[PDB]
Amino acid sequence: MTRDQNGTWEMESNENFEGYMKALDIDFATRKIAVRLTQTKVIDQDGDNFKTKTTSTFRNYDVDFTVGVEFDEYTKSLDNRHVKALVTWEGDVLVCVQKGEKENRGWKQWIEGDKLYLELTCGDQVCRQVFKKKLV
């Protein structure tokens, strides 16, 4: 029973964020800033209801969803695309498919220990992020 992802999470690694961004057509100048940043993720979870905020000094991004309920996602200030997003549970892994103009776009997020893992995929590019839980 590791579906509880509540907390504030601080990035410790960000593998192939460059390639993921390039697959989303983010311009070089934006990538130059974005690749350098430590991100923080705040997850406020009540059962299958999630409110998430991802922050950095350069851009912030909020997305709220209920597991199992498809929603309209506009990736404002990121790549600024519209997708149909669906989050499901695969075991205790949170899986999101972002159906739209990019093939094989989605993410997967899960807990191990005091770490949160987030794998983001677009096309043939996978970005692997690891976050450590912040003490309250």
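A residue's number is simply how far along the shown sequence it sits, counting from 1.
- Of the two stretches examined, 106-114 and 91-99, the record assigns the greater average C-alpha temperature factor to 106-114.
- Stretches compared: 54-62, 75-83. Higher mean C-alpha B-factor in the entry: 54-62.
- Per the deposited record, the Cα B-factor of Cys127 falls in the middle third when ranked against the other modelled residues of its chain.
- In this PDB entry, the Cα temperature factor of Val67 sits in the bottom third of its chain's modelled residues, the lowest group.
- When all modelled residues of the chain are sorted by CA temperature factor, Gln39 is found within the middle third.
- In the deposited entry, the Cα temperature factor of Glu12 sits in the top third of values across the chain's modelled residues.
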